[PDB]
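A short worksheet on the structure shown next.
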Protein chains: 2
Amino acid sequence: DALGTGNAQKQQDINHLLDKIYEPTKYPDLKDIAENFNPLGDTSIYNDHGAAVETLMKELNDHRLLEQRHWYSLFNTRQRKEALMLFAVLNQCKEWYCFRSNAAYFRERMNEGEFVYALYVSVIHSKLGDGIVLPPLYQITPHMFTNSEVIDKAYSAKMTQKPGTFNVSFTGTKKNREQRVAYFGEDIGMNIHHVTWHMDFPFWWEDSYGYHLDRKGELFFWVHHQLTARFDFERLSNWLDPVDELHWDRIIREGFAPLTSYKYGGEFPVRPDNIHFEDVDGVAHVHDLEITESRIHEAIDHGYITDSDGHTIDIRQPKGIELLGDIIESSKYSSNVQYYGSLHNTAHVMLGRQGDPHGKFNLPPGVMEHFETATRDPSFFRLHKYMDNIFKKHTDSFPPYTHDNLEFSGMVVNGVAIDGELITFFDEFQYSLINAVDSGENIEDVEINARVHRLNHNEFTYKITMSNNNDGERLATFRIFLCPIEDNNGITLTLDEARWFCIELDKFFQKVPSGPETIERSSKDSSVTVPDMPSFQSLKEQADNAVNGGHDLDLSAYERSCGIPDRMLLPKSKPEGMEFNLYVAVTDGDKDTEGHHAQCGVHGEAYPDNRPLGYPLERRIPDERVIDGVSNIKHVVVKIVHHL
Amino acid sequence: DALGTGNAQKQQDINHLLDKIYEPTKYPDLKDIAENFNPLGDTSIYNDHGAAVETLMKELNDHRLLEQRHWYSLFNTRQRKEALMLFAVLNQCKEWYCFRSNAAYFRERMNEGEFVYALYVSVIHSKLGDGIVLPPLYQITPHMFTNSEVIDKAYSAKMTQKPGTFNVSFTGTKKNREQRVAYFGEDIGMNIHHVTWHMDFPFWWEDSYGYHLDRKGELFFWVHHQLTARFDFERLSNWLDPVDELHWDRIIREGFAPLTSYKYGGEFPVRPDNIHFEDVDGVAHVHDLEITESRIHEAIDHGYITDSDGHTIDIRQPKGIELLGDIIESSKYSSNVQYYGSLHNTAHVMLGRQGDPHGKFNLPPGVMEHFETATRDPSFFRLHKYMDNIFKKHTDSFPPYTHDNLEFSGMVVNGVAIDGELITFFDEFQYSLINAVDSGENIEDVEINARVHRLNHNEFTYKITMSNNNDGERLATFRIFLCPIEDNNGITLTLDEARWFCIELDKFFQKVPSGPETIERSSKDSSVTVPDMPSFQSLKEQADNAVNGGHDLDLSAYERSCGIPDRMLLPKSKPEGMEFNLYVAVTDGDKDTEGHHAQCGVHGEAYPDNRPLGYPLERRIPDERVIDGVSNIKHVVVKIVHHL
Ligand SMILES: *[C@H]1O[C@H](CO)[C@@H](O[C@@H]2O[C@H](CO)[C@@H](O)[C@H](O)[C@H]2NC(C)=O)[C@H](O)[C@H]1NC(C)=O
Ligand SMILES: *[C@H]1O[C@H](CO)[C@@H](O[C@@H]2O[C@H](CO)[C@@H](O)[C@H](O)[C@H]2NC(C)=O)[C@H](O)[C@H]1NC(C)=O
Ligand SMILES: [Cu+2]
Ligand SMILES: [Cu+2]
């Protein structure tokens, strides 16, 4: 601080705080704070009169909080509770003086993951964290994102003090599996979004924390339907077939070995292939799921969710799908959590100890019991294919849309063109292995680096040619889906068979002139995308330079970023090329935003589009006859090519 | 050398050679040799005219030998072949000039395990290696013997250059398993013997190498029957029940996670528990065993082994049990290896990839596919219980022994006493983690250490009181077994039910006076035991000091050591105490040694006792009525106590 603000301050403070995190801090101010401060002497800084502080001390006192240098999953009901207590202090600070103090005081005696986890969520949601950009998880705690080999290579770099970057690998016996569609799950970008997505709208949020995240519920429905489609496409491009939905009565056919290791903790357990699910002590019974899944499935089938009193709360209406998501992921918006439980989240802990359900070996938690690591394990997508059609069951009970339904009279797409080429290839990225190796003191830092291989495509532009027959200027929702065309059996599906498989590429609002415009728009301005983020270091360099320099840091570019990696914008496809189908449906802006970032409504911000999500492909479309004769929907085929 | 010998030379040379083994040598002479030498320019040093050298070069040339810094199991038919080529050069050296040369030349471009493995066997069997003591595997390549945690702790010591010893753990969730009888399998001593035992008498030996190991065949029968008994006792002392024999048609009920890691290689794969055996690609089919086991079992049942011609070679006679061992472990003394295959050894590779039989994950080999590590995994003893009663099937087909049979007329044991207490406790040991961490150069060595917890007992003495009624002085075999008494069901077995479960404590030859002697003998002089061995370092200190000093190193104390750890002499038992049964049978020395160390006949030396092995408890003993009425057999009960 400046006995306050700056941001190149707030910012600095943060970088110091998550610097070498597996070891006591080396920045002196952080330490006399660390020593000298007492979160309990001027309950005033606190808008709670410090009930939150007072609760953590209580526990840090009876020393009943998890130990340092030990692992942590966010699926542990206690670890979570402890991590979230830090969030509630940092939360009720009136100003930087209370935050730095506490994340310093605490940083130094609470465990690292509870700490990493609390500092981030807090920075993301609390009032006080505007100016900041968080360093990328992959560089702050590299063990969750780099391999096991590169990690050991970095440990040696360090033992010997000779530096250098190592090239990472990809998982199983490439050319032996479906560690062929690996590039997708294993990417530090998607892994970043996956974790952020759930830090932006956490399953544990209560509206006591301050505001209400708006439609987490549909937002949950949708985000995962997207990774499940996005995933299903990559498997198309690899001669692989759409994924199996998981069942509790069957073998988990496809198991994997992650080759990843914890920092403190041991290597991630592995799963043998063609295994039978076991009842995992502590978490829940396998049948416990099977009944949960039926209570679920009866709410969809009935038309109503029934709460605790036996009140039936109707869901055959638009808020529908969000009360279903509150009961299915199970977040605290659940109406009856004692009855519908928690399919999704239990299903994550349940798939993770398949390595050790009675816990005879005391293996650590597993790749699925963590967000920066689940997309690694193949059953991750088998498990969301199953959540995915629990939702479609509801999703599909609506009656199809009428002509009169999709029509935004006046507007009509004339043509759709791609100004450029759809070309995807494989780039190269480098993140840093330093917070991973321990350097104590008087020993100096050798710069170790990891180099990964990630997908990419080339910027391209949309030229959407189109006339407003209306008398004059109307607001427009430009919706753009890229659905597939044939099967992988070769078969050629139907906009019913394929409406569900399509992934959203862009959604934006523009005004339309009163006559033939020709809107053009960029790979680069997509609304579902996010650039790669600034390096850890680089945000140190920068933070530092505006401290000794006066003031700024306006890199607002990054204080939310909900989306997926720009690199992942289009699917991989084949080197021969495939022709996908592009759908531009343009709906009516005035009714869409008929009421209101608002992209990552991280802080209470009402999501702006009111149409439900996947509009208008979210509904059974039995006769294509129709999508086809509304002026404001047009489809054109595109073709993507893969450079070797 | 001294352009030869010494031993504090030969010795020095060796310590230099296995010093930091995961990195090019730092001892300069070793390097100009390494560079300058040509194993192919004075084929003269070679008793082969250097066909052996000439064969390794050939391969090192086409560079078709395994790479350095990669793993190695002795179960790999190629890795083995490559490791054993080094043995054949080092083997045909006329003097040190040829050995050092080669293990220097080679050390530097052949892989480490092939190298570690060749240098040891070579030192053990070749003519030229008399004076030496080998450093203990546990300190030369610590990754095979220390845990995964201590290993990582040592890696950190090194990163930061701050030293120190870490205390090791024990395996699963002690108080949750049968990682309660862990102290036994996991001991660096037994693991040492297990590997030595099979380096002393290797499965691959051909008598072209020079001499014939004498009864490896019975020697195999017996060594394993011993670990299987010794193991079965420890499980008695832990309220556990004797072990299950393994079958190929059933689930492997008891699986474990080893928590151990390779140096170059990844962590040891784990095994889930209640798994079904899969056909493992590359090694052999599961049924391939099931038939092997029948071809085996029919030789026992028939009375003959049938070779390649269809010759039936009889085995219902004393050489019996050794031709059976040649066919069962399958070593090269097999008469028909194309028919009886290799149950034992395949059974080791077969249990190891249970982690990955089609090899979709490319996990490394597993704890059972290695001798310094098999005793770790629980199916290790399930698998030797099954080999164990294949042998008993044959073992038991003989007719029981007659009175007239065991009687060594003249002698009679009067009494048997234990001068002291049978007390076993848990000591503490420290071996060194240095060859484990890499230190390159100009970086200096910090002394890292591992501390383990191992069993122990207290010296005690035998006072065997006994009269030679014979006219005068007769030679005697003093045989001493410690069999159990009751069940663990509480039941109280029979010297038929328990003859097989007893472990040998001592076997020695002494002359008996012509009248009442009273022989007393020590925990310490046992013939089946070996002291802990000298430290790595310590043999460096010592080697070095007699180099700059003139000459010696007579520590012959250690140039073979076949036995088990003195610490493991008696079983653990209970803290309440158990009464075991002690059997001293004294047979007739003149007929025993009716013909000839001779303990570890490492070099061709005829085993000296002629009685078969386990004499006289190796045969069905249907009426105890008999063992009981031969003067020279007496049994007394003892009682062992466990200090907490
Ligand atoms: C990892 O792959 C990279 C590709 O980035 C390789 O790094 C290259 O090193 C080679 C040496 O053969 C150079 O010719 C390239 O210019 C390098 N590129 C950067 C296009 O360094 C690297 O060889 C791989 N392996 C290590 C077996 O780093
Ligand atoms: C490992 O166990 C050893 C037992 O050898 C412990 O080392 C002891 O350190 C304590 C400190 O509490 C001393 O009181 C003992 O004198 C030590 N003995 C050697 C009988 O050092 C050690 O505490 C354990 N843990 C580390 C949690 O080393
Ligand atoms: Cu063995
Ligand atoms: Cu064996």
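In the structure tokens, the first chain shown is A, the next is B, and so on; residue numbers restart at 1 for each chain, and ligands run from 1 in the order shown.
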Do you know which residues are at most 7 Å from residue 604 in chain A counting only C-alpha atoms, after dropping those on the same chain fewer than 4 positions away, and could you put them as a PDB file with C-alpha atoms, in the first residue's frame?
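Output contents, as saved in selection.pdb:
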```
ATOM      1  CA  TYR A 211     -24.197 -10.192  -4.395  1.00  0.00           C
ATOM      2  CA  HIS A 212     -25.752 -13.055  -6.275  1.00  0.00           C
ATOM      3  CA  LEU A 213     -24.094 -14.634  -9.246  1.00  0.00           C
ATOM      4  CA  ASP A 214     -26.918 -14.414 -11.764  1.00  0.00           C
TER       5      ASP A 214
END
```
Expected answer as a PDB file with C-alpha atoms, in the first residue's frame: residues within 8 Å of ligand 1, only C-alpha atoms and all ligand atoms:
```pdb
ATOM      1  CA  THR A 165      13.870 -25.450 -20.584  1.00  0.00           C
ATOM      2  CA  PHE A 166      12.497 -28.978 -20.992  1.00  0.00           C
ATOM      3  CA  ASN A 167       9.991 -30.002 -23.570  1.00  0.00           C
ATOM      4  CA  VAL A 168       6.922 -31.737 -22.268  1.00  0.00           C
ATOM      5  CA  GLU A 428       4.754 -23.659 -28.884  1.00  0.00           C
ATOM      6  CA  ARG A 451       7.913 -25.896 -23.048  1.00  0.00           C
TER       7      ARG A 451
END
```
Checklist entry - Contacts of residue 636 in chain A at 7 Å or less, counting only C-alpha atoms, minus same-chain residues fewer than 6 places along, as a PyMOL selection string? => result chain A and resi 416+581-583
Please produce an output containing C-alpha atoms for each residue in the selection, written as an mmCIF file, in the first residue's frame.
```cif
data_model
loop_
_atom_site.group_PDB
_atom_site.id
_atom_site.type_symbol
_atom_site.label_atom_id
_atom_site.label_comp_id
_atom_site.auth_asym_id
_atom_site.auth_seq_id
_atom_site.Cartn_x
_atom_site.Cartn_y
_atom_site.Cartn_z
ATOM 1 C CA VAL A 416 -22.125 -15.468 -44.884
ATOM 2 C CA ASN A 581 -21.729 -26.097 -41.143
ATOM 3 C CA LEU A 582 -21.727 -22.470 -39.861
ATOM 4 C CA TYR A 583 -24.998 -21.118 -38.381
#
```
Quick one: residues within 7 Å of residue 329 in chain B, only C-alpha atoms, excluding same-chain residues fewer than 4 positions away - as a short mmCIF file (atom, residue, chain, number, x, y, z; two decimals) with N, CA, C and O atoms, in the first residue's frame?
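This went into selection21.cif:
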```cif
data_model
loop_
_atom_site.label_atom_id
_atom_site.label_comp_id
_atom_site.auth_asym_id
_atom_site.auth_seq_id
_atom_site.Cartn_x
_atom_site.Cartn_y
_atom_site.Cartn_z
N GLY B 325 13.93 -78.38 -9.48
CA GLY B 325 14.11 -76.95 -9.39
C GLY B 325 14.70 -76.41 -10.65
O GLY B 325 14.82 -75.21 -10.88
N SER B 342 9.11 -71.87 -17.94
CA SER B 342 9.63 -71.14 -16.76
C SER B 342 8.63 -70.55 -15.71
O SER B 342 8.67 -69.26 -15.52
N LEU B 343 7.89 -71.43 -15.02
CA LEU B 343 6.90 -70.89 -14.11
C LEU B 343 7.30 -69.77 -13.23
O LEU B 343 6.71 -68.70 -13.15
N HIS B 344 8.30 -69.92 -12.48
CA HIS B 344 8.72 -68.94 -11.51
C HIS B 344 9.01 -67.61 -12.13
O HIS B 344 8.43 -66.56 -11.88
N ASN B 345 10.03 -67.51 -12.97
CA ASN B 345 10.44 -66.28 -13.59
C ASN B 345 9.27 -65.85 -14.38
O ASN B 345 8.92 -64.80 -13.97
#
```
Checklist entry - Where in range 302-534 of chain A does DSSP assign strand (DSSP E or B), given as a ChimeraX atom specification? => result /A:304-306,312-314,412-419,423-426,429-432,448-452,455-457,461-467,474-483,503-512,517-522,529-530
Could the residues in this selection be written to a file with C-alpha atoms, as a tab-separated table (two decimals), in the first residue's frame?
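Written output follows (part_17.tsv):
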```tsv
chain	number	residue	atom	x	y	z
A	304	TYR	CA	-41.55	-30.12	-10.64
A	305	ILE	CA	-38.68	-30.07	-8.14
A	306	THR	CA	-40.19	-30.70	-4.65
A	312	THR	CA	-43.61	-28.68	-5.56
A	313	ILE	CA	-41.70	-25.78	-7.25
A	314	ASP	CA	-42.47	-25.88	-10.99
A	412	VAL	CA	-32.43	-11.04	-43.25
A	413	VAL	CA	-29.11	-12.64	-43.71
A	414	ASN	CA	-28.08	-12.39	-47.25
A	415	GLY	CA	-24.80	-14.12	-47.02
A	416	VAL	CA	-22.12	-15.47	-44.88
A	417	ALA	CA	-18.49	-15.40	-45.55
A	418	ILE	CA	-15.21	-16.24	-44.05
A	419	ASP	CA	-12.57	-13.80	-44.99
A	423	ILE	CA	-6.26	-23.20	-40.48
A	424	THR	CA	-5.17	-24.84	-37.35
A	425	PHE	CA	-1.78	-25.88	-36.30
A	426	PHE	CA	0.53	-26.56	-33.39
A	429	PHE	CA	4.55	-22.28	-25.40
A	430	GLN	CA	6.74	-21.72	-22.46
A	431	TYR	CA	5.75	-21.28	-18.84
A	432	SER	CA	8.12	-21.26	-15.89
A	448	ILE	CA	14.21	-23.30	-15.18
A	449	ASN	CA	11.53	-23.44	-17.91
A	450	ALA	CA	8.86	-25.86	-19.41
A	451	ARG	CA	7.91	-25.90	-23.05
A	452	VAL	CA	4.64	-27.19	-24.20
A	455	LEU	CA	-3.01	-25.92	-30.75
A	456	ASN	CA	-3.66	-22.86	-32.78
A	457	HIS	CA	-5.51	-21.43	-35.63
A	461	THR	CA	-12.94	-12.65	-40.51
A	462	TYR	CA	-16.61	-12.97	-40.82
A	463	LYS	CA	-18.28	-11.04	-43.53
A	464	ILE	CA	-21.98	-11.31	-42.78
A	465	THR	CA	-23.83	-9.51	-45.57
A	466	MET	CA	-27.28	-8.49	-44.67
A	467	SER	CA	-30.39	-6.31	-45.17
A	474	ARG	CA	-32.86	-2.31	-35.17
A	475	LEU	CA	-30.59	-3.83	-32.43
A	476	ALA	CA	-29.26	-7.27	-33.22
A	477	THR	CA	-28.05	-10.47	-31.47
A	478	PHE	CA	-25.41	-11.94	-33.83
A	479	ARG	CA	-25.34	-15.68	-32.72
A	480	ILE	CA	-22.78	-17.96	-34.28
A	481	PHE	CA	-22.66	-21.80	-33.81
A	482	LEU	CA	-20.31	-24.25	-35.88
A	483	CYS	CA	-22.28	-27.65	-35.87
A	503	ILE	CA	-20.24	-25.21	-30.08
A	504	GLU	CA	-20.61	-21.51	-29.91
A	505	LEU	CA	-18.00	-19.45	-31.63
A	506	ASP	CA	-19.35	-15.94	-30.99
A	507	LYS	CA	-22.26	-13.95	-29.66
A	508	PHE	CA	-22.33	-10.10	-29.97
A	509	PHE	CA	-24.67	-7.17	-30.07
A	510	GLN	CA	-24.58	-4.65	-33.03
A	511	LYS	CA	-26.93	-2.14	-34.57
A	512	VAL	CA	-28.16	-2.68	-37.99
A	517	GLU	CA	-25.02	-3.49	-44.39
A	518	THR	CA	-22.19	-6.01	-44.61
A	519	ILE	CA	-20.85	-6.72	-41.07
A	520	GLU	CA	-17.43	-8.13	-40.84
A	521	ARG	CA	-15.98	-9.35	-37.53
A	522	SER	CA	-12.86	-11.07	-36.13
A	529	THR	CA	-12.48	-16.23	-26.05
A	530	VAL	CA	-9.55	-15.17	-23.97
```
Checklist entry - Which residue, A:189, A:303, A:365, A:440, has the smallest gap to chain B when you use only C-alpha atoms? => result A:440
Next on the checklist: Just list as a PyMOL selection string whatever in range 91-229 of chain B DSSP marks as helix (DSSP H, G or I).
Outcome noted: chain B and resi 91+96-105+112-125+137-140+142-144+149-160+182-185+188-200+207-209+218-229
Set out as CSV a contact list for chain B and ligand 4 with a cut-off of 9 Å, giving each residue of chain B that qualifies its closest atom pair and distance in Å to one decimal, counting only C-alpha atoms and all ligand atoms, ordered by chain and rising residue number.
```
residue,atom,partner,partner_atom_place_in_ligand_line,distance
B:194,CA,ligand 4,1 (Cu),8.8
B:224,CA,ligand 4,1 (Cu),7.3
B:329,CA,ligand 4,1 (Cu),7.8
B:344,CA,ligand 4,1 (Cu),6.3
B:345,CA,ligand 4,1 (Cu),6.9
B:347,CA,ligand 4,1 (Cu),8.4
B:348,CA,ligand 4,1 (Cu),6.8
B:368,CA,ligand 4,1 (Cu),8.5
B:371,CA,ligand 4,1 (Cu),7.9
B:374,CA,ligand 4,1 (Cu),8.0
B:375,CA,ligand 4,1 (Cu),8.9
B:380,CA,ligand 4,1 (Cu),7.5
B:381,CA,ligand 4,1 (Cu),8.8
B:383,CA,ligand 4,1 (Cu),7.8
B:384,CA,ligand 4,1 (Cu),6.6
B:387,CA,ligand 4,1 (Cu),8.7
```
Item to check | Residues near range 560-571 of chain B, cut-off 9 Å, only C-alpha atoms, skip fewer than 6 positions along chain, as a PyMOL selection string | outcome: chain B and resi 124+133+184+189-190+192-194+196-197+200+230-231+233-234+237+422-424+454-458+482+505+523-524+526-532+597+599-602+640
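Within 6 Å of chain B, chain A contributes the residues residues 158, 159, 160, 172, 173, 360, 361, 362, 439 and 440 of chain A, using only C-alpha atoms.
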Item to check | residue 132 in chain B environment, 9 Å, only C-alpha atoms, sequence neighbours closer than 2 positions dropped, as a PyMOL selection string | outcome: chain B and resi 7-8+10-11+14+123-124+129-130+134+553+556+558-559
Would you mind exporting the chosen residues as an mmCIF file, in the first residue's frame, restricted to C-alpha atoms?
```cif
data_model
loop_
_atom_site.group_PDB
_atom_site.id
_atom_site.type_symbol
_atom_site.label_atom_id
_atom_site.label_comp_id
_atom_site.auth_asym_id
_atom_site.auth_seq_id
_atom_site.Cartn_x
_atom_site.Cartn_y
_atom_site.Cartn_z
ATOM 1 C CA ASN B 7 43.163 -55.507 -2.763
ATOM 2 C CA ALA B 8 43.155 -52.270 -0.962
ATOM 3 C CA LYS B 10 41.260 -53.889 -6.336
ATOM 4 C CA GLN B 11 38.910 -52.605 -3.615
ATOM 5 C CA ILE B 14 35.599 -50.879 -7.217
ATOM 6 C CA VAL B 123 33.103 -59.345 -8.959
ATOM 7 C CA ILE B 124 31.201 -62.275 -7.160
ATOM 8 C CA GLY B 129 37.741 -60.740 -7.434
ATOM 9 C CA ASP B 130 38.847 -62.286 -4.298
ATOM 10 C CA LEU B 134 30.979 -54.829 -2.463
ATOM 11 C CA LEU B 553 42.180 -54.995 4.136
ATOM 12 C CA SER B 556 37.308 -61.071 5.005
ATOM 13 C CA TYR B 558 32.250 -60.157 3.874
ATOM 14 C CA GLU B 559 33.243 -61.720 0.529
#
```
Checklist entry - So which residues touch residue 639 in chain B within 8 Å, counting only C-alpha atoms, skipping near sequence neighbours fewer than 4 positions away, as a ChimeraX atom specification? => result /B:422,577-580
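One distance worth recording is that between CA of residue 495 in chain A and CA of residue 619 in chain A, which is 10.3 Å.
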Checklist entry - Which residue, B:169, B:15, B:38, B:9, has the smallest gap to ligand 2 when you use only C-alpha atoms and all ligand atoms? => result B:169
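What separates CA of residue 376 in chain B from CA of residue 228 in chain B is a distance of 13.5 Å.
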Next on the checklist: I'd like the interatomic distance between CA of residue 170 in chain B and atom 19 (C, counted along the ligand's line) of ligand 2, to a tenth of an Å.
Outcome noted: 18.0 Å
